[PDB]
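Take a look at this single chain, the form deposited in one PDB entry, given in structure tokens.
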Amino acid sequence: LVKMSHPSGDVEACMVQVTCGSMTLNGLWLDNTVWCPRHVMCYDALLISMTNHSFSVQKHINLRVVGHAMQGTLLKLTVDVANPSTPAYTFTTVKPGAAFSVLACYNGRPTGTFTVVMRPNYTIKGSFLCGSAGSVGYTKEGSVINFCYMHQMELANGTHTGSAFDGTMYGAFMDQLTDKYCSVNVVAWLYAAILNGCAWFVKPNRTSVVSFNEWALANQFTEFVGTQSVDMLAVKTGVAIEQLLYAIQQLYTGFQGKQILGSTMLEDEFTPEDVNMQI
């Protein structure tokens, strides 16, 4: 079990530096659009201020701005060349629990890639430094890249958030509720354990989904919704979901010893789809 990101090449070819007056950060060049975070101008008063000569766009790794809009927390620039390296793409929101890949960029230059999970408090625990705004998070299905996160800000140490390409910011933060354990990913990780001969924590005892979801409201766990991915894990291991929901209720109380895939606490950052693909 490894934190595994999509290869970053397709996205790499779309990362541009967008600049406006003093501030500069990362932009996403798709077709004739350049997406970027709007605080590049620091709002409706600020938009009237600018002209197309207020934005310069550079590709590092020759563009003129001939259009300007704002859409939510995002600037929708238009440019005179369609990116010849534009992947087949989509805009979509990620619901909490789900994982996506991040291309961390600075001054329009990609420098790192890693995977994060969209936390239940609508933040993400990645590694972002000053000027990484405009880095893009994405997943990939078949051949269609699917862009789901533009980076914008850092709330406290290590907690970051950002927007979907519809301009909406995750968790409505303007340019934090308590975190919870993603119950369905914990379930996946527990199945991953069983599939690697580490099954000391399984009992015949069971907790119904409804009982667990009530218990979850009281202990900062997410509502469990079963999926085909989880069901396939159930079949292969022989161990029912509800057994795992019981073991969670007990393991949270403490590991009393005793390890699971090298960890002393619960892991909620690997998804069912993650586990299936890797095991």
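Numbers for residues come from their place in the sequence shown, where the first is 1.
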- Query: Do at least a third of the other entries of this protein fail to model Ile61?
  - Reply: yes
- Query: Across the other PDB entries of this protein that were compared, is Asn157 absent from at least a third?
  - Reply: yes
- Note on the structure: Of the deposited residues between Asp175 and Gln176, the number without coordinates is 4 to 9
- Select one of none, 1 to 3, 4 to 9, or 10 or more to describe the deposited residues without coordinates separating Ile61 and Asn62. 4 to 9
- Query: With respect to the recorded C-alpha B factors, which stretch has the higher mean value, 265-273 or 17-25?
  - Reply: 17-25
- Message: Going by the mean C-alpha B-factor recorded in the entry, which is higher: 116-124 or 155-163?
- Response: 155-163
- Message: Looking at the C-alpha B-factor values in the deposited entry, which of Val225, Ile241, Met41, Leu233 comes out highest?
- Response: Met41
- One of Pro87, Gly97, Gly137, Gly171 has the largest Cα B-factor in the entry, namely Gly171
- Binned into thirds over the chain's modelled residues, the C-alpha B-factor of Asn52 lands in the highest
- Message: Please say which third, lowest, middle or highest, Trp200 falls into when its CA temperature factor is compared across its chain.
- Response: middle
- Message: Could you place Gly131 in the lowest, middle or highest third of its chain by Cα temperature factor, using the values in the record?
- Response: highest
- Message: Splitting the chain's C-alpha B-factors into thirds, which one does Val210 fall into?
- Response: middle
- Name the third of the chain's ranked CA B-factors that contains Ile194, choosing lowest, middle or highest. middle
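The following text describes the form deposited with a small molecule bound, which does not appear among the structures shown.
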- If you check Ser101, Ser132, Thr123, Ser183 against the small molecule in the deposited complex, which one has a heavy atom within 4.5 Å? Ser132
- Looking at the small molecule in the deposited complex, do all three of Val66, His68 and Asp80 come within 4.5 Å of it through at least one heavy atom? no
- Task: Answer with yes or no whether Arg119 is in contact with the small molecule in the deposited complex, where contact means some heavy atom within 4.5 Å.
- Result: no
- Query: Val202 near the small molecule in the deposited complex, any heavy atom under 4.5 Å?
  - Reply: no
- Message: Is it the case that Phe128, even though its partner is missing from this view, gets within 4.5 Å of the small molecule in the deposited complex, heavy atoms only?
- Response: yes
- Message: Taking the small molecule as it sits in the deposited complex, is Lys59 in contact with it (heavy atom to heavy atom, 4.5 Å or less)?
- Response: no
- Note on the structure: The stretch from 84-92, 108-116, 187-195, 148-156 that lies within 4.5 Å of the small molecule in the deposited complex, judged by heavy atoms, is 148-156
